[PDB]
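Shown next: protein-v7.pdb, given as PDB, C-alpha atoms and all ligand atoms.
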MODEL        1
ATOM      1  CA  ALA N   1     -19.594   6.924 -13.514
ATOM      2  CA  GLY N   2     -17.703   8.702 -16.249
ATOM      3  CA  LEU N   3     -14.285   7.636 -14.989
ATOM      4  CA  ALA N   4     -14.568   4.041 -16.160
ATOM      5  CA  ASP N   5     -16.136   5.515 -19.298
ATOM      6  CA  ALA N   6     -12.982   7.586 -19.725
ATOM      7  CA  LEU N   7     -10.973   4.373 -19.251
ATOM      8  CA  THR N   8     -12.870   2.000 -21.579
ATOM      9  CA  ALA N   9     -14.948   3.966 -24.096
ATOM     10  CA  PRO N  10     -13.341   5.509 -27.202
ATOM     11  CA  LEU N  11     -13.354   9.179 -28.151
ATOM     12  CA  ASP N  12     -16.603  10.846 -29.191
ATOM     13  CA  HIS N  13     -17.446  14.135 -30.888
ATOM     14  CA  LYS N  14     -20.763  14.686 -29.081
ATOM     15  CA  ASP N  15     -18.975  14.567 -25.721
ATOM     16  CA  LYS N  16     -18.953  17.937 -24.007
ATOM     17  CA  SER N  17     -16.199  20.528 -24.477
ATOM     18  CA  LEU N  18     -12.601  19.189 -24.456
ATOM     19  CA  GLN N  19     -12.668  15.777 -26.120
ATOM     20  CA  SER N  20      -9.075  14.525 -25.909
ATOM     21  CA  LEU N  21      -5.853  15.186 -23.996
ATOM     22  CA  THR N  22      -2.491  13.863 -25.189
ATOM     23  CA  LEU N  23      -0.409  12.320 -22.383
ATOM     24  CA  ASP N  24       3.165  13.372 -23.168
ATOM     25  CA  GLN N  25       4.720  14.576 -19.896
ATOM     26  CA  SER N  26       2.830  12.073 -17.718
ATOM     27  CA  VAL N  27       4.437   9.027 -19.401
ATOM     28  CA  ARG N  28       7.867   8.741 -20.994
ATOM     29  CA  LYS N  29       8.987   6.491 -23.823
ATOM     30  CA  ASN N  30       9.145   2.760 -22.967
ATOM     31  CA  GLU N  31       6.937   3.396 -19.902
ATOM     32  CA  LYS N  32       3.457   2.082 -19.117
ATOM     33  CA  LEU N  33       1.079   4.240 -17.066
ATOM     34  CA  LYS N  34      -1.859   2.189 -15.785
ATOM     35  CA  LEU N  35      -4.895   4.127 -14.537
ATOM     36  CA  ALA N  36      -7.712   2.458 -12.600
ATOM     37  CA  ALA N  37     -11.043   3.779 -11.329
ATOM     38  CA  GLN N  38     -14.626   2.552 -10.905
ATOM     39  CA  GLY N  39     -13.376  -0.998 -11.442
ATOM     40  CA  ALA N  40     -11.763  -0.241 -14.820
ATOM     41  CA  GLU N  41      -8.141  -0.035 -15.926
ATOM     42  CA  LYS N  42      -6.310   1.242 -19.000
ATOM     43  CA  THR N  43      -2.612   1.331 -19.881
ATOM     44  CA  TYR N  44      -1.133   4.404 -21.562
ATOM     45  CA  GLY N  45       2.111   5.115 -23.368
ATOM     46  CA  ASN N  46       3.665   8.297 -24.740
ATOM     47  CA  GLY N  47       1.434   9.524 -27.545
ATOM     48  CA  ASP N  48      -1.744   8.086 -26.057
ATOM     49  CA  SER N  49      -4.844  10.222 -25.581
ATOM     50  CA  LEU N  50      -6.944  10.340 -22.421
ATOM     51  CA  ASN N  51     -10.695  10.446 -23.108
ATOM     52  CA  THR N  52     -11.356  13.558 -21.045
ATOM     53  CA  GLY N  53     -14.660  13.967 -22.904
ATOM     54  CA  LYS N  54     -16.282  11.490 -20.511
ATOM     55  CA  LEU N  55     -15.024  13.383 -17.442
ATOM     56  CA  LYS N  56     -16.889  16.244 -15.793
ATOM     57  CA  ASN N  57     -15.748  19.785 -16.478
ATOM     58  CA  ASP N  58     -14.408  22.119 -13.790
ATOM     59  CA  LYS N  59     -13.761  19.207 -11.392
ATOM     60  CA  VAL N  60     -10.746  17.082 -10.484
ATOM     61  CA  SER N  61     -11.240  13.517 -11.694
ATOM     62  CA  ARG N  62      -9.146  11.064  -9.672
ATOM     63  CA  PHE N  63      -7.604   7.775 -10.820
ATOM     64  CA  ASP N  64      -5.236   5.311  -9.179
ATOM     65  CA  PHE N  65      -2.022   5.310 -11.208
ATOM     66  CA  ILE N  66       0.910   2.911 -11.301
ATOM     67  CA  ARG N  67       3.925   3.593 -13.531
ATOM     68  CA  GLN N  68       5.886   0.537 -14.668
ATOM     69  CA  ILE N  69       8.613  -0.322 -17.154
ATOM     70  CA  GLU N  70       9.074  -3.785 -18.667
ATOM     71  CA  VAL N  71      12.378  -5.691 -18.683
ATOM     72  CA  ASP N  72      13.021  -9.046 -20.390
ATOM     73  CA  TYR N  73      15.585 -11.070 -18.444
ATOM     74  CA  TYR N  74      17.736 -13.718 -20.119
ATOM     75  CA  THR N  75      17.330 -17.292 -18.895
ATOM     76  CA  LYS N  76      18.236 -20.811 -19.981
ATOM     77  CA  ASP N  77      15.260 -23.159 -20.237
ATOM     78  CA  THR N  78      14.998 -26.962 -19.929
ATOM     79  CA  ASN N  79      17.058 -27.251 -23.111
ATOM     80  CA  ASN N  80      19.844 -24.807 -23.969
ATOM     81  CA  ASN N  81      17.344 -22.411 -25.563
ATOM     82  CA  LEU N  82      17.204 -18.728 -24.692
ATOM     83  CA  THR N  83      13.996 -17.782 -22.884
ATOM     84  CA  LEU N  84      13.135 -14.170 -22.050
ATOM     85  CA  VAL N  85      11.126 -13.649 -18.852
ATOM     86  CA  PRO N  86       9.286 -10.285 -18.876
ATOM     87  CA  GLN N  87       9.353  -8.531 -15.501
ATOM     88  CA  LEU N  88       7.487  -5.298 -14.723
ATOM     89  CA  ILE N  89       9.495  -2.902 -12.547
ATOM     90  CA  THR N  90       7.111  -0.577 -10.699
ATOM     91  CA  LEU N  91       8.719   2.857 -11.020
ATOM     92  CA  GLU N  92       6.044   4.936  -9.292
ATOM     93  CA  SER N  93       2.567   4.784  -7.793
ATOM     94  CA  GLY N  94      -0.111   7.110  -6.441
ATOM     95  CA  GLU N  95      -3.117   9.224  -7.463
ATOM     96  CA  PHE N  96      -3.536  10.661 -10.972
ATOM     97  CA  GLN N  97      -5.568  13.882 -11.058
ATOM     98  CA  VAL N  98      -7.147  15.469 -14.145
ATOM     99  CA  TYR N  99      -8.777  18.908 -14.393
ATOM    100  CA  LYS N 100     -10.988  19.403 -17.452
ATOM    101  CA  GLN N 101     -12.149  22.641 -19.085
ATOM    102  CA  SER N 102     -13.692  23.311 -22.496
ATOM    103  CA  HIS N 103     -10.542  24.235 -24.448
ATOM    104  CA  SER N 104      -7.811  23.070 -22.053
ATOM    105  CA  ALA N 105      -6.961  20.536 -19.362
ATOM    106  CA  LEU N 106      -4.083  19.512 -17.132
ATOM    107  CA  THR N 107      -2.992  16.450 -15.170
ATOM    108  CA  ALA N 108      -1.284  16.260 -11.785
ATOM    109  CA  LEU N 109       0.540  13.352 -10.154
ATOM    110  CA  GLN N 110       0.362  12.662  -6.406
ATOM    111  CA  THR N 111       3.211  10.190  -6.038
ATOM    112  CA  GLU N 112       2.654   8.025  -2.968
ATOM    113  CA  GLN N 113       5.372   5.383  -3.447
ATOM    114  CA  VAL N 114       8.599   5.020  -5.450
ATOM    115  CA  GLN N 115      11.477   2.563  -5.758
ATOM    116  CA  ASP N 116      14.193   2.306  -3.100
ATOM    117  CA  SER N 117      17.834   3.309  -2.781
ATOM    118  CA  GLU N 118      19.714   0.988  -5.156
ATOM    119  CA  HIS N 119      16.223  -0.298  -6.048
ATOM    120  CA  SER N 120      16.294  -4.134  -5.853
ATOM    121  CA  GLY N 121      12.481  -4.297  -6.052
ATOM    122  CA  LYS N 122      11.631  -2.699  -2.698
ATOM    123  CA  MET N 123       9.112   0.155  -2.744
ATOM    124  CA  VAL N 124       9.495   2.996  -0.258
ATOM    125  CA  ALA N 125       6.850   5.577   0.629
ATOM    126  CA  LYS N 126       7.883   9.059  -0.538
ATOM    127  CA  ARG N 127       5.201  11.616  -1.357
ATOM    128  CA  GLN N 128       5.461  14.153  -4.161
ATOM    129  CA  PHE N 129       3.034  16.376  -6.055
ATOM    130  CA  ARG N 130       3.882  17.592  -9.543
ATOM    131  CA  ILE N 131       2.146  18.785 -12.701
ATOM    132  CA  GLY N 132       1.896  16.363 -15.610
ATOM    133  CA  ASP N 133       0.609  17.637 -18.953
ATOM    134  CA  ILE N 134      -1.025  20.988 -19.717
ATOM    135  CA  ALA N 135      -2.759  20.741 -23.092
ATOM    136  CA  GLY N 136      -5.545  22.318 -25.099
ATOM    137  CA  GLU N 137      -6.256  24.706 -27.956
ATOM    138  CA  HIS N 138      -3.473  27.213 -27.356
ATOM    139  CA  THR N 139      -4.471  30.755 -28.247
ATOM    140  CA  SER N 140      -2.165  32.297 -30.825
ATOM    141  CA  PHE N 141      -0.203  35.259 -29.513
ATOM    142  CA  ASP N 142      -0.730  36.957 -32.889
ATOM    143  CA  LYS N 143      -4.522  36.446 -32.716
ATOM    144  CA  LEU N 144      -5.167  37.921 -29.265
ATOM    145  CA  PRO N 145      -8.055  40.364 -28.764
ATOM    146  CA  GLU N 146      -6.940  43.908 -29.486
ATOM    147  CA  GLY N 147      -8.611  45.376 -26.400
ATOM    148  CA  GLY N 148     -10.903  44.898 -23.446
ATOM    149  CA  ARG N 149     -10.466  43.206 -20.087
ATOM    150  CA  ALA N 150     -11.261  39.601 -19.213
ATOM    151  CA  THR N 151     -11.887  37.984 -15.822
ATOM    152  CA  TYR N 152     -11.091  34.266 -15.599
ATOM    153  CA  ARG N 153     -12.341  32.362 -12.549
ATOM    154  CA  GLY N 154     -11.352  28.819 -11.666
ATOM    155  CA  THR N 155      -9.519  26.326  -9.470
ATOM    156  CA  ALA N 156      -6.082  26.105  -7.870
ATOM    157  CA  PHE N 157      -5.331  22.625  -6.532
ATOM    158  CA  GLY N 158      -2.301  21.204  -4.751
ATOM    159  CA  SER N 159      -1.271  18.255  -2.600
ATOM    160  CA  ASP N 160      -4.357  16.937  -0.768
ATOM    161  CA  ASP N 161      -6.154  20.239  -1.456
ATOM    162  CA  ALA N 162      -8.423  20.904  -4.452
ATOM    163  CA  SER N 163     -10.478  23.767  -2.972
ATOM    164  CA  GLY N 164      -8.268  26.623  -4.156
ATOM    165  CA  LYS N 165     -10.059  29.511  -5.842
ATOM    166  CA  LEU N 166      -8.093  31.018  -8.729
ATOM    167  CA  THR N 167      -8.958  34.508  -9.963
ATOM    168  CA  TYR N 168      -7.081  35.952 -12.933
ATOM    169  CA  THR N 169      -7.562  39.117 -14.979
ATOM    170  CA  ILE N 170      -6.082  39.977 -18.375
ATOM    171  CA  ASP N 171      -6.103  43.462 -19.876
ATOM    172  CA  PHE N 172      -5.596  42.881 -23.603
ATOM    173  CA  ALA N 173      -4.769  46.534 -24.312
ATOM    174  CA  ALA N 174      -1.785  46.547 -21.946
ATOM    175  CA  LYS N 175      -1.348  42.826 -22.753
ATOM    176  CA  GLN N 176      -0.891  42.041 -19.066
ATOM    177  CA  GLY N 177      -2.389  39.728 -16.482
ATOM    178  CA  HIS N 178      -2.495  39.314 -12.724
ATOM    179  CA  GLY N 179      -4.440  37.252 -10.233
ATOM    180  CA  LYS N 180      -4.677  35.632  -6.824
ATOM    181  CA  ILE N 181      -5.157  32.207  -5.233
ATOM    182  CA  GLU N 182      -7.525  31.967  -2.269
ATOM    183  CA  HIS N 183      -9.079  29.536   0.192
ATOM    184  CA  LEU N 184      -6.369  26.855   0.293
ATOM    185  CA  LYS N 185      -5.780  24.900   3.499
ATOM    186  CA  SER N 186      -2.114  25.911   3.606
ATOM    187  CA  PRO N 187      -1.969  29.680   4.270
ATOM    188  CA  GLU N 188       1.414  30.228   2.579
ATOM    189  CA  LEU N 189      -0.188  29.112  -0.707
ATOM    190  CA  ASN N 190      -2.907  31.776  -0.831
ATOM    191  CA  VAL N 191      -0.636  34.000  -2.920
ATOM    192  CA  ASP N 192      -0.905  36.825  -5.441
ATOM    193  CA  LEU N 193      -0.005  36.172  -9.085
ATOM    194  CA  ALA N 194       1.989  39.292  -9.919
ATOM    195  CA  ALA N 195       1.398  41.353 -13.036
ATOM    196  CA  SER N 196       3.475  40.275 -16.030
ATOM    197  CA  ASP N 197       3.225  40.757 -19.775
ATOM    198  CA  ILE N 198       1.813  38.294 -22.295
ATOM    199  CA  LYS N 199       4.591  36.726 -24.403
ATOM    200  CA  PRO N 200       4.752  34.347 -27.378
ATOM    201  CA  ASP N 201       6.593  31.068 -26.755
ATOM    202  CA  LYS N 202       8.554  29.046 -29.317
ATOM    203  CA  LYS N 203       5.411  27.897 -31.158
ATOM    204  CA  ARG N 204       4.002  31.453 -30.734
ATOM    205  CA  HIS N 205       1.296  30.537 -28.236
ATOM    206  CA  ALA N 206       0.161  33.125 -25.686
ATOM    207  CA  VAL N 207       1.818  32.548 -22.292
ATOM    208  CA  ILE N 208       2.247  34.599 -19.106
ATOM    209  CA  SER N 209       5.176  34.047 -16.725
ATOM    210  CA  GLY N 210       5.158  36.033 -13.502
ATOM    211  CA  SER N 211       6.187  36.077  -9.877
ATOM    212  CA  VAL N 212       4.280  34.551  -6.990
ATOM    213  CA  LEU N 213       3.870  37.013  -4.132
ATOM    214  CA  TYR N 214       3.050  36.353  -0.480
ATOM    215  CA  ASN N 215       2.318  39.662   1.269
ATOM    216  CA  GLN N 216       4.070  41.528  -1.572
ATOM    217  CA  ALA N 217       7.043  39.176  -1.095
ATOM    218  CA  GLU N 218       8.504  37.082  -3.905
ATOM    219  CA  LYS N 219       8.193  33.390  -2.991
ATOM    220  CA  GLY N 220       8.070  31.611  -6.351
ATOM    221  CA  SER N 221       6.687  31.924  -9.858
ATOM    222  CA  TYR N 222       3.711  30.978 -11.995
ATOM    223  CA  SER N 223       3.168  30.119 -15.647
ATOM    224  CA  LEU N 224      -0.156  30.325 -17.465
ATOM    225  CA  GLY N 225      -1.177  29.603 -21.024
ATOM    226  CA  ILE N 226      -4.091  31.187 -22.857
ATOM    227  CA  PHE N 227      -6.465  28.681 -24.448
ATOM    228  CA  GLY N 228      -9.373  29.042 -26.836
ATOM    229  CA  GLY N 229      -9.635  30.919 -30.115
ATOM    230  CA  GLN N 230     -11.275  33.797 -28.231
ATOM    231  CA  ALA N 231      -8.999  33.483 -25.161
ATOM    232  CA  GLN N 232     -11.740  31.721 -23.205
ATOM    233  CA  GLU N 233      -9.545  29.940 -20.663
ATOM    234  CA  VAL N 234      -6.185  29.957 -18.909
ATOM    235  CA  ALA N 235      -4.300  26.955 -17.588
ATOM    236  CA  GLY N 236      -0.910  26.426 -15.992
ATOM    237  CA  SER N 237       0.906  25.926 -12.701
ATOM    238  CA  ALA N 238       2.704  27.734  -9.884
ATOM    239  CA  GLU N 239       5.801  26.969  -7.790
ATOM    240  CA  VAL N 240       5.530  28.536  -4.314
ATOM    241  CA  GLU N 241       7.969  28.489  -1.387
ATOM    242  CA  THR N 242       6.636  27.462   2.030
ATOM    243  CA  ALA N 243       8.062  26.503   5.408
ATOM    244  CA  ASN N 244       7.675  22.882   4.257
ATOM    245  CA  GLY N 245       9.766  23.551   1.155
ATOM    246  CA  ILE N 246       8.585  24.232  -2.371
ATOM    247  CA  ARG N 247       5.010  23.301  -3.290
ATOM    248  CA  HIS N 248       3.487  22.932  -6.755
ATOM    249  CA  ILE N 249      -0.048  24.075  -7.606
ATOM    250  CA  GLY N 250      -2.221  23.444 -10.645
ATOM    251  CA  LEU N 251      -4.079  26.442 -12.062
ATOM    252  CA  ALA N 252      -7.069  26.452 -14.408
ATOM    253  CA  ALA N 253      -9.592  29.244 -14.945
ATOM    254  CA  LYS N 254     -12.243  30.257 -17.462
ATOM    255  CA  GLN N 255     -14.408  33.258 -18.182
ATOM    256  CA  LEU N 256     -18.017  33.135 -17.015
ATOM    257  CA  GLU N 257     -21.439  34.213 -18.260
TER
HETATM  258 CL    CL M 301      25.640 -24.407 -22.272
HETATM  259 CL    CL M 302       5.349  17.945  -2.521
ENDMDL
END
Hey, can you dump this file as structure tokens for me?
Amino acid sequence: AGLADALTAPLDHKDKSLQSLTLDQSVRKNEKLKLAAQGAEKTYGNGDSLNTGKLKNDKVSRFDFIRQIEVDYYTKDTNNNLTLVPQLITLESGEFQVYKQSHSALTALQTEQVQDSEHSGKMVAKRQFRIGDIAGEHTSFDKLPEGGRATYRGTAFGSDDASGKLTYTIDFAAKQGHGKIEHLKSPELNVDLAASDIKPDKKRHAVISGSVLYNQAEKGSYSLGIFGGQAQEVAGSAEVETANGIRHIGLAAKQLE
């Protein structure tokens, strides 16, 4: 059971492929994100690293997550002394999903329950699926291969559905990429990832931002990042319109051998 190992054991260099993943978007400052699986539990803050090295590659590892913030209320004790009573306000709760590759990884949050209108401690059930962090060894835009084509194959996973097949292709001469998502339960999500050019972002990493097409029809967008010194992997997300509103999908692919 490498989930509890990911929750209790420290980092290791002889672990396979991607060792660590910094949790920045999954937890904000002053928040506590508690993950539990296989009878183990660990609390995470803002800079904290998740030991993805113990997780299996190319699969979606699942934890139970609860997101809390701590408040110290002011009370008067037996005497007239000030006593602070710490109370943990549960902000969110659900399933925490992690997809691990060799040079990249991403987390997704399946919110099952949140606080209520005007709060007051009551939890209401409201589902949401969003992407957390997308981290790894970003490929430099200025160190991309000068030519050749590359076929990345991988997984597209959304709410209650992790069987999506992602297929992306990058021509490094034209510096362009395009792909498709297949075999998802929801038919409106099996979309084409339209051709768009490779761009450098603010830190000059290699990223691709294109349109999501459903029967040659624009119904959202997708963002991918290139990871690995030799552009081994891609990882990102997609926002797709459906009859049930907008859905979010996690994307992660790698070249094969
Ligand atoms: Cl008094
Ligand atoms: Cl949703």
Running the PyMOL selection byres (((not hetatm)) within 10 of (chain M and resi 302)) on this model by hand, what would come out? Give it as a PDB file with C-alpha atoms, in the coordinates of the input.
ATOM      1  CA  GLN N 110       0.362  12.662  -6.406  1.00  0.00           C
ATOM      2  CA  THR N 111       3.211  10.190  -6.038  1.00  0.00           C
ATOM      3  CA  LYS N 126       7.883   9.059  -0.538  1.00  0.00           C
ATOM      4  CA  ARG N 127       5.201  11.616  -1.357  1.00  0.00           C
ATOM      5  CA  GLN N 128       5.461  14.153  -4.161  1.00  0.00           C
ATOM      6  CA  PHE N 129       3.034  16.376  -6.055  1.00  0.00           C
ATOM      7  CA  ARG N 130       3.882  17.592  -9.543  1.00  0.00           C
ATOM      8  CA  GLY N 158      -2.301  21.204  -4.751  1.00  0.00           C
ATOM      9  CA  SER N 159      -1.271  18.255  -2.600  1.00  0.00           C
ATOM     10  CA  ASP N 160      -4.357  16.937  -0.768  1.00  0.00           C
ATOM     11  CA  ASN N 244       7.675  22.882   4.257  1.00  0.00           C
ATOM     12  CA  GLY N 245       9.766  23.551   1.155  1.00  0.00           C
ATOM     13  CA  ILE N 246       8.585  24.232  -2.371  1.00  0.00           C
ATOM     14  CA  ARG N 247       5.010  23.301  -3.290  1.00  0.00           C
ATOM     15  CA  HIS N 248       3.487  22.932  -6.755  1.00  0.00           C
ATOM     16  CA  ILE N 249      -0.048  24.075  -7.606  1.00  0.00           C
TER      17      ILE N 249
END
Result set, the PyMOL selection byres (((chain N and resi 79-88) around 12) and not hetatm) on current file, as a PyMOL selection string: chain N and resi 30-33+66-78+89-92+121
Write out as lines of an AutoDock Vina configuration file an axis-aligned box for range 234-243 of chain N: all of its atoms listed in the file, 3 Å added on each side, centre and edge lengths in Å with one decimal.
center_x = 0.9
center_y = 27.9
center_z = -6.8
size_x = 20.2
size_y = 10.0
size_z = 30.3
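Proximity to residue 187 in chain N at 12 Å, evaluated using all atoms listed in the file and with sequence-adjacent residues fewer than 6 positions away removed, yields residues 161, 164, 181, 214, 215, 240, 241, 242, 243 and 244 of chain N.
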Give me, as a PyMOL selection string, all polymer residues having an atom no more than 12 Å from residue 162 in chain N, counting all atoms listed in the file and skipping those fewer than 2 positions away in the same chain. chain N and resi 58-62+97-99+108+154-160+164-166+181-186+249-252
Taking the file as shown, what set of residues would the PyMOL selection byres (((chain N and resi 213) around 7) and not hetatm) give back, as a PyMOL selection string? chain N and resi 191-194+211-212+214-219
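Between CA of residue 228 in chain N and CA of residue 138 in chain N lies a distance of 6.2 Å.
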Show me, as a ChimeraX atom specification, the residues that have an atom within 12 Å of residue 137 in chain N when counting all atoms listed in the file, minus same-chain residues fewer than 2 positions from it. /N:17-22,101-105,134-135,139-140,205-206,225-235
Counting all atoms listed in the file, which residues have an atom no more than 10 Å from (-13.2, 5.2, -24.2) in the file's coordinates? Please list them as a VMD selection string. chain N and resid 2 to 12 42 49 to 54
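Coordinates place CA of residue 208 in chain N at a distance of 8.1 Å from CA of residue 176 in chain N.
From CA of residue 95 in chain N back to CA of residue 254 in chain N, the distance works out to 25.0 Å.
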Report as JSON, numbers by chain all protein, DNA and RNA residues lying within 10 Å of residue 29 in chain N, evaluated on only C-alpha atoms, omitting residues in the same chain fewer than 6 positions from it. {"N": [45, 46, 47, 69]}
Rebuild range 106-128 of chain N so that it carries N, CA and C atoms, then output the result as a CSV table (one decimal), keeping the file's coordinate frame.
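And here is the file that came out, result34.csv:
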chain,number,residue,atom,x,y,z
N,106,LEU,N,-5.4,19.8,-17.7
N,106,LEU,CA,-4.1,19.5,-17.1
N,106,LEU,C,-4.2,18.3,-16.2
N,107,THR,N,-3.1,17.6,-16.1
N,107,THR,CA,-3.0,16.4,-15.2
N,107,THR,C,-2.0,16.7,-14.1
N,108,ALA,N,-2.2,16.2,-12.9
N,108,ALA,CA,-1.3,16.3,-11.8
N,108,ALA,C,-1.1,14.9,-11.2
N,109,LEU,N,0.2,14.6,-10.7
N,109,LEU,CA,0.5,13.4,-10.2
N,109,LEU,C,0.9,13.5,-8.7
N,110,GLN,N,0.1,12.8,-7.8
N,110,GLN,CA,0.4,12.7,-6.4
N,110,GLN,C,1.1,11.3,-6.1
N,111,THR,N,2.4,11.3,-6.3
N,111,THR,CA,3.2,10.2,-6.0
N,111,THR,C,3.1,9.8,-4.6
N,112,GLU,N,2.7,8.6,-4.3
N,112,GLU,CA,2.7,8.0,-3.0
N,112,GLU,C,3.8,7.1,-2.7
N,113,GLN,N,4.3,6.3,-3.7
N,113,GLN,CA,5.4,5.4,-3.4
N,113,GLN,C,6.3,5.3,-4.7
N,114,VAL,N,7.6,5.1,-4.4
N,114,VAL,CA,8.6,5.0,-5.4
N,114,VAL,C,9.5,3.8,-5.1
N,115,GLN,N,10.5,3.6,-6.0
N,115,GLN,CA,11.5,2.6,-5.8
N,115,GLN,C,12.4,3.0,-4.6
N,116,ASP,N,13.3,2.1,-4.3
N,116,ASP,CA,14.2,2.3,-3.1
N,116,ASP,C,15.6,2.7,-3.5
N,117,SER,N,16.4,3.1,-2.5
N,117,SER,CA,17.8,3.3,-2.8
N,117,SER,C,18.5,2.0,-3.3
N,118,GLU,N,19.2,2.1,-4.4
N,118,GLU,CA,19.7,1.0,-5.2
N,118,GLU,C,18.6,0.0,-5.6
N,119,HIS,N,17.4,0.4,-5.5
N,119,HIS,CA,16.2,-0.3,-6.0
N,119,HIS,C,16.1,-1.7,-5.4
N,120,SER,N,16.4,-2.7,-6.2
N,120,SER,CA,16.3,-4.1,-5.9
N,120,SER,C,14.9,-4.6,-5.7
N,121,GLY,N,13.9,-3.9,-6.1
N,121,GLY,CA,12.5,-4.3,-6.1
N,121,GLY,C,11.7,-3.7,-4.9
N,122,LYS,N,12.3,-3.2,-3.9
N,122,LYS,CA,11.6,-2.7,-2.7
N,122,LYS,C,11.0,-1.3,-3.0
N,123,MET,N,9.8,-1.2,-2.7
N,123,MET,CA,9.1,0.2,-2.7
N,123,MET,C,9.2,0.9,-1.4
N,124,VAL,N,9.6,2.1,-1.4
N,124,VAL,CA,9.5,3.0,-0.3
N,124,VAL,C,8.4,4.1,-0.5
N,125,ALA,N,7.9,4.6,0.6
N,125,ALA,CA,6.8,5.6,0.6
N,125,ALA,C,7.5,7.0,0.7
N,126,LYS,N,7.4,7.7,-0.4
N,126,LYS,CA,7.9,9.1,-0.5
N,126,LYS,C,6.9,9.9,-1.3
N,127,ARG,N,6.3,10.9,-0.7
N,127,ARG,CA,5.2,11.6,-1.4
N,127,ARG,C,5.8,12.7,-2.2
N,128,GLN,N,5.1,13.0,-3.3
N,128,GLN,CA,5.5,14.2,-4.2
N,128,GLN,C,4.2,14.6,-4.9
